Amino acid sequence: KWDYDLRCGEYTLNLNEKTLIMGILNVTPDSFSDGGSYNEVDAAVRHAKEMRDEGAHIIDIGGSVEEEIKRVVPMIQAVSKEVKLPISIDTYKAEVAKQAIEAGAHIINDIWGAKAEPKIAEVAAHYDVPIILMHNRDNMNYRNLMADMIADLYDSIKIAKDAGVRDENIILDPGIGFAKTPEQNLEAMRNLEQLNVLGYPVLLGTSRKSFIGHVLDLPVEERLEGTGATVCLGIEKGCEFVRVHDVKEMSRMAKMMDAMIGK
């Protein structure tokens, strides 16, 4: 089904053999620090190593602009040195993205899908890295949620391609939890397979999100079973990646899903 691999500088991710697990990295800043402190970088590296050991395939690291660079750059440097897995930088700023790849990051993760700072697509085209274009918007007025999300995502693909991003470095995301009501999130979940017609790999980010809380009536740290349900549903509907906190568990559910669906 995918006739290519995700090329990430030194690592390659096969899109066909398994669902890929992107581990969300814990970034508790040191009060008194600008970024760089031993306690924060060390907790970061230990956390990344643990996620590596539990089955993560990518480490996702996130961090005003000059400040964000100071915080996140030391962490990319430490983690990429010490953990042999691709890193995605979770930013929507072209400057931070530039810096982060410079510092060692392999993939851009833009929660604004190149709409906040279109220049980030150029950053991306230039370093030749995968970019994740998440569905987002500044309002919730949908004529038809799914059709609009697809229009919107498609507007991001336009910006990316126009700045020179190759199709093989585009990954899309429904942006669950963004610019959507709780019932809209469930509906996007129900209809996720429609994103496939666009022809790109899809990443799902639902981990611990509020709509799970809304359904189960359970606080943030009681949402492991409902995150699991969203991951399973997402894999059944053809997503290639899941972005999760609870790597050990989700990574087991993914692998069981993969065996059943024949991935």
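Position 1 is the first residue in the sequence shown; the rest follow in order.
Engineer: Across the other PDB entries of this protein that were compared, is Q194 absent from at least a third?
Structural biologist: It is not, since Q194 is included in all of the other entries that model both flanking stretches.
Engineer: Report, as yes or no, whether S33 is left without coordinates in at least one third of the other compared entries.
Structural biologist: Missing in at least a third of the others, so yes.
Engineer: Zero if continuous, otherwise a range: how many residues of the deposited sequence are missing coordinates between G63 and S64 (none, 1 to 3, 4 to 9, 10 or more)?
Structural biologist: The entry has 10 or more unmodelled residues between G63 and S64.
Engineer: Would you mind comparing 22 to 30 and 38 to 46 for me and telling me which has the higher average C-alpha temperature factor in the entry?
Structural biologist: Mean CA B-factor is higher for 22 to 30.
Engineer: Do the C-alpha atoms of 200 to 208 or of 64 to 72 have the higher average B factor in the entry?
Structural biologist: Taking the mean B-factor of the alpha carbons in each, 64 to 72 is higher.
Engineer: Highest Cα B-factor in the PDB entry belongs to which of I120, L186, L192, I171?
Structural biologist: In this record, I120 carries the highest C-alpha B-factor of the candidates.
Engineer: Taking the entry's C-alpha B-factors for this chain, is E54 in the lowest, middle or highest third?
Structural biologist: CA B-factor rank for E54: middle third.
Engineer: Going by the recorded CA B-factors, say which third of the chain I157 sits in, lowest, middle or highest.
Structural biologist: Ranked within chain, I157 CA B lands in the middle tercile.
Engineer: Taking the C-alpha B-factors as the PDB entry records them, is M260 in the lowest, middle or highest third of its chain?
Structural biologist: Its C-alpha B-factor belongs to the lowest third of this chain's values.
Engineer: According to the PDB entry, is the CA B factor of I107 in the bottom, middle or top third of its chain, that is, lowest, middle or highest?
Structural biologist: Answer is lowest: the recorded C-alpha B-factor places it there.
Engineer: For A97, does the deposited CA B-factor place it in the lowest, middle or highest third of the chain?
Structural biologist: Its C-alpha B-factor belongs to the highest third of this chain's values.
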